[PDB]
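# sequence unknown, structure follows:
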């Protein structure tokens, strides 16, 4: 049983690079994080910052989530992120992605004790 806090780190954290090293970054990471296991996840964001810096966003700017919920929080600083989206050719199990580098503010939904990120909502 994977906790929601643990699943967020598997799906979104990559503190090991300052940014996506190549255009094949997503194809490789989507596969290695088990995100293409039973279906090709259509969109996924990776964050290249320390976990402590990402966990601290839960104490920053409170904003509404895309689904109307109110437990979302936006980062005061921009963060290095990599946006992964399926290409027109992608077809399970042969999932394929486009890698795009960006530096944006991130919005995550927090929950629990301690209060941590459990869902990546969007970037602005």
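Arrived safely, thanks for sending. Numbers count the residues shown, from 1 in each chain.

# rest of the way, CA atoms for contacts and neighbours
OK.

# ranges for the helices of the chain?
Listed in chain order, the helices of the chain (DSSP state H) span 4-12, 25-32, 51-55.

# so where do the strands sit in the chain?
Taking DSSP state E to define them, one finds strands in the chain at 43-47, 61-63, 72-74, 79-86, 97-104, 106-111, 116-123.

# out of those, deepest packed?
strand 72-74 (a mean of 24; mean count of other CA atoms under 10 Å).

# Note down every partner strand of that strand and its orientation.
Strands that pair with strand 72-74, judged by DSSP bridges, come out as strand 61-63 (antiparallel), strand 106-111 (antiparallel).

# Redo those as JSON lines? Include distance to residue 69.
Listed next are those as JSON lines, based on distance: least, CA to CA, whole Å:
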{"stretch": "strand 61-63", "distance to residue 69": "9"}
{"stretch": "strand 106-111", "distance to residue 69": "9"}
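
# Nearest to residue 28, out of those?
Across the strands paired with strand 72-74, residue 28 has its closest neighbour in strand 106-111 (22.9 Å, CA to CA).

# and the residue lying farthest from the centre of the chain, how far is that from residue 40?
For the chain, the C-alpha farthest from the mean C-alpha position belongs to residue 89; by CA atoms, centre = their mean, that distance is 22.8 Å. Separation of residue 89 from residue 40 (CA to CA, to the nearest Å): 12 Å.
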